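Here the structure is laid out as structure tokens; the discussion comes afterwards.
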Amino acid sequence: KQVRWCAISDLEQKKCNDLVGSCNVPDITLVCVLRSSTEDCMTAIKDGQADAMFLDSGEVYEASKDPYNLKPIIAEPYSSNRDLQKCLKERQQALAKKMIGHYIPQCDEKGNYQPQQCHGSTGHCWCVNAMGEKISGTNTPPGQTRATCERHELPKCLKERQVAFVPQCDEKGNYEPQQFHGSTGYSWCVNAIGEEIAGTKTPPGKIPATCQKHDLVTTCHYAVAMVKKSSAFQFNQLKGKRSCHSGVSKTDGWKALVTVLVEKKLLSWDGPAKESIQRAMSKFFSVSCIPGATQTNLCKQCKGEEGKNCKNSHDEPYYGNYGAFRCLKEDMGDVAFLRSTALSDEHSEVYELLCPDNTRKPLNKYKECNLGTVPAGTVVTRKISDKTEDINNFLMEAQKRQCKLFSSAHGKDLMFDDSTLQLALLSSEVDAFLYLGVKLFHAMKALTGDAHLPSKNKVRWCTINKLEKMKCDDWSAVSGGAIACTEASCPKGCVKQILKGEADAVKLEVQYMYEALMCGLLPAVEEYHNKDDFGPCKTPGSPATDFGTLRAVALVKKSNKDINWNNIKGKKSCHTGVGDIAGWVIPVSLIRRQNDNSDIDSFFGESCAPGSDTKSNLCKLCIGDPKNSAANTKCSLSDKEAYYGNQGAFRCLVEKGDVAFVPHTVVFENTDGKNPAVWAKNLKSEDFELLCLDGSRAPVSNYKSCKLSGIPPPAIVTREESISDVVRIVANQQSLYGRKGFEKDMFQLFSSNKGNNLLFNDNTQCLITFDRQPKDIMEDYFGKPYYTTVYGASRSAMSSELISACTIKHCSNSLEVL
Ligand SMILES: *NC1=N[C@@]23[C@@H](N1)[C@H](COC(N)=O)N=C(N*)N2CCC3(O)O
């Protein structure tokens, strides 16, 4: 009902009051809280006296910590080569606007951009590629011969596959980061355009270099050092010069410059623990204007009145990008560190750029003469996010109603960056780490001074609940300094902690591994579940005959002799639950591949898959709890469904089903005397069979050959630099606390009085070191069958915020490079 925005200056106050008067969003009232600086506004948000503000991407990390504890919620989205159904989304967004006479993207029946796009109110038409980018020079005015638009849509990777080394592409057609040559066994990494990355080509039999995912994005901004043409100094002569900065906490005015200085060995500075960066910079420059600095010389050149001088606020006339440009223009500084947005063609006569390679270049070369790319700012609020919904509603309705959000006659870059075109809601999962990305996050953590000093002799294990925390505390108090404990809410949180340098290793089931291997983490060890052979456990050199891995199979009755694998469309199938590997993922994947129609909701008959839609076919014949007529629990992902779990999926084939997708164990687990005292009382394993992939059948004990696929074992993973350490400690900690450990009377790794299946599955026999084989790391963990079956041997089969945080954003002018 109310949204309080925090303004840092009188000009932001004036613009905010203008928006209060003019912008009329229903059921939401805008209120303007005035503070004197950026930090004061962050504190006001932390105190609850304000609700939202806009921060430079450099301030997000320090915003996420004490004494602020803020999270980004609303950011400007960037166009990339990963956008799917872009035309439909842009057309919907344009139609949602409350205006008349604006470009509404015209799509075709399939949702693709029409080659010719027109603006009805103006009559101007132009040609456009598959991503909606105007072909240069094709804009035709009304009454003029339109440019004949071709269909520029063929991806460059698929164009290289034709006319043919045959590179691999994904389903959309983009370049796979890992490239494997078939004629010559070579593995290498490629850019977002297939351009080979230097230093990644590996001969065969050698382990391949881990390739990172790349996303080609457009309209990037950069941190640049503007300098007047009348001056003559270069970059390594910055010491003693007078400087203007946009802000002490902005990336375009401080952080990027500090990084470049320390990398070029230009800044005399020990470390963030030995000396603050402001001291080194105050000793580096003579007199400067750096709004927010706590050194007198770094504020001598600022032009703010008493009380307003050197504040992170437009009250200081030299604050911001345009403030730094004004400080340079009025000869109060020799160089101005700002963003590429402040550049203009009206300045290409007096000013020029200052490149870190000790050369000078015109402004138009900012893409090849800068201190680094600067991500867009973000609207942040409290980490508790009590007002995110209201702030988002207000901002979205203000954007739909064409309110003057990103412009003002009072000044530039007030409230938001004037270069901002559109604000979008970020996933509630996104914090500072996910927003900035792993590499930028670690850079900020190192610059602030929070960089964790690694210990090669202590492993920080991550727990996902309180019972695992108690077992880890036991293990740590008994380990003798070799084991420490960190807490997270879920395994993906543990992966994020490991990527943030806050944890060291974690056990992940297979359903979490694709993300982990995507973010660079490698399997340190694999769980060994072979209950019959302790060979590899007693002596690590012993070869693993079988890891005790579960084999997904399709169990059928010996009575039904028509159920074949080529005859699984229809019938009545059985699933252990939605999400489970053997009872859902493997069959759904095999079916979606072999049947190109690929609609499971209509593929089976009255299938029972707990977790689907209660009205769909995948929820019939699921008798939900026999003796509880006071509630309806059919198709529940819990024990309240008598069809959930392996036992329920087997009871499905017993009672009303024709085929049940289960691990191979259930057949022996609910049969042959070793079976419950109810429905499976006189059932025999000889009355059942398995469905093989070639369309035949076989006895149950043939699960190693007549299987749908194999399930990889749970993997304890860590960062690469830590593998040699982690394994080591693990090995030692097994010899003391394994199943045959020397001190097994003091602690067991695979058991606990605090619970069951904590840290590791209690059925785990031991932990076997991962044998890094010279192939694709996902091909080496999942294995070719599982990799191609679930993820199609593709680095693009899944998308999430964490994968986006581990993706390198390759800047480019446009996607026309195809
Ligand atoms: N390097 C390696 N990869 C394997 C095996 N060794 C190891 C043994 O697993 C077995 N035999 O089941 N463990 C795993 N998880 N993998 C992944 C694929 C593989 O069998 O090659």
Side-chain angles (χ1 to χ4, degrees), residues 427-429 464-465 489-493 508-515 550-556 568-593 595 597-626 628-666 669-670 679 691 708-709 711-712 714 757 761 786 789-791 797-800:
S427 175
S428 59
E429 187 182 19
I464 58 183
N465 51 46
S489 62
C490 57
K492 238 169 53 181
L508 298 178
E509 306 273 28
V510 60
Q511 68 258 15
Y512 301 99
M513 285 291 299
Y514 184 81
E515 252 169 316
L550 293 315
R551 318 300 197 97
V553 287
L555 182 70
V556 288
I568 60 177
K569 186 166 185 175
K571 306 290 184 56
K572 277 107 172 298
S573 67
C574 307
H575 304 272
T576 180
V578 167
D580 307 6
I581 306 299
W584 179 258
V585 180
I586 315 297
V588 76
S589 307
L590 295 168
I591 293 176
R592 265 203 154 261
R593 206 146 13 256
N595 274 104
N597 288 10
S598 309
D599 215 322
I600 283 290
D601 316 70
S602 61
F603 190 82
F604 296 116
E606 288 193 345
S607 185
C608 183
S612 304
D613 185 12
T614 177
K615 303 177 181 179
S616 64
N617 302 328
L618 269 45
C619 284
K620 273 96 176 187
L621 53 76
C622 310
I623 299 179
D625 212 318
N628 288 147
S629 62
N632 191 27
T633 57
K634 302 179 181 181
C635 238
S636 186
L637 263 184
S638 61
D639 66 330
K640 296 183 298 181
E641 237 297 340
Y643 273 69
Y644 174 69
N646 316 75
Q647 194 171 352
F650 180 79
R651 185 160 181 226
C652 180
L653 174 62
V654 170
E655 294 184 350
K656 295 185 175 183
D658 303 330
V659 55
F661 303 97
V662 230
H664 59 249
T665 53
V666 75
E669 176 262 340
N670 287 318
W679 44 274
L691 294 189
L708 272 60
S709 180
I711 291 182
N757 302 282
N761 304 274
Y786 191 98
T789 293
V790 175
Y791 304 103
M798 191 195 305
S799 176
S800 78

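Throughout, numbering of the chain's residues begins at 1 and tracks the sequence. FYI, side chains are in, hydrogens and waters are out, and symmetry mates aren't considered; it's all heavy atoms of this structure.
Expressed to the nearest 0.5 Å, how far CH2 of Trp584 lies from OG of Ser612 amounts to 4.5 Å. A distance of 13.5 Å separates SG of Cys635 from NZ of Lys615, quoted to the nearest 0.5 Å. Considering CD1 of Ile623 and CZ of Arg651, their distance stands at 7.0 Å, rounded to 0.5 Å. Between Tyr644 atom OH and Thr633 atom OG1 the span is 13.5 Å, to the nearest 0.5 Å. Going from atom CG of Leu555 over to atom CG of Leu653 covers 5.0 Å, rounded to the nearest 0.5 Å. Between atom OG of residue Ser489 and atom CG of residue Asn465 there is a gap of 10.5 Å, rounded to the nearest 0.5 Å.
The sulfur atoms (SG) of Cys619 and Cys608 lie 2.5 Å or more from each other.
At least one donor-acceptor pair closer than 3.5 Å links the side chain of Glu641 to the backbone N or O of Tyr643. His664 contributes a side-chain N or O that, together with a main-chain N or O of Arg551, makes up a donor-acceptor pair within less than 3.5 Å. With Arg593 contributing its side chain and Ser589 its backbone, the two residues share a donor-acceptor pair below 3.5 Å. In this structure, the side chain of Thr576 engages the main chain of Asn646 through a donor-acceptor pair within 3.5 Å. Under the 3.5 Å distance criterion, the side-chain polar atoms of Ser598 are matched with a main-chain donor or acceptor of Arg592. Under a 3.5 Å cut-off, the side chain of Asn617 and the backbone N or O of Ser602 do not form any donor-acceptor pair. In this structure, the side chain of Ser616 engages the main chain of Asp613 through a donor-acceptor pair within 3.5 Å.
Ring-plane geometry between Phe661 and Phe604 is classed as tilted, the angle between the planes lying from 30 to 60 degrees on a 0 to 90 degree scale.
What you find for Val510 and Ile711 is that their closest heavy atoms are CG1-CG2, 4.5 Å. Contact record, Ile568 with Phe603: O-CE2, 3.2 Å, taken as the closest heavy-atom pair. In terms of heavy atoms, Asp658 sits closest to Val556 at O-CG1, 3.3 Å. Annotation for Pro610 and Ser636: closest pair CB-O, 3.4 Å, computed over non-hydrogen atoms. In plain terms, the two heavy atoms of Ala609 and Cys622 that are nearest each other are N-SG, 4.4 Å. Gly624 and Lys634 make their closest contact through N-CG, 3.7 Å (heavy atoms, listed as atom of the first residue, atom of the second, distance).
With contacts defined as side-chain heavy-atom distances shorter than 4.5 Å, the pair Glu509/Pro491 does not qualify. Between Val662 and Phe650 there is no side-chain heavy-atom pair separated by less than 4.5 Å. Within the 4.5 Å cutoff, the side chain of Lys572 has heavy atoms near those of the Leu621 side chain. Side-chain contact between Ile581 and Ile586: present, with at least one pair of heavy atoms (C-beta onward) separated by less than 4.5 Å. The side-chain heavy atoms of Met513 and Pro712, taken from C-beta on, include no pair separated by under 4.5 Å.
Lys656 and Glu606 are not joined by a salt bridge, as no carboxylate oxygen comes within less than 4.0 angstrom of a charged side-chain nitrogen.
Residues passing the ring-ring contact (aromatic ring centres under 6.0 Å, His included) test with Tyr786, sequence neighbours excluded: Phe782.
Atom NZ of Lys640 has 12 or fewer heavy atoms from other residues, nucleotides or ligands within 6.0 Å.
When each of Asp599, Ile600, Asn597 is tested with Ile591 by the rule side-chain contact (heavy atoms from CB on, under 4.5 Å), just one qualifies, namely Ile600.
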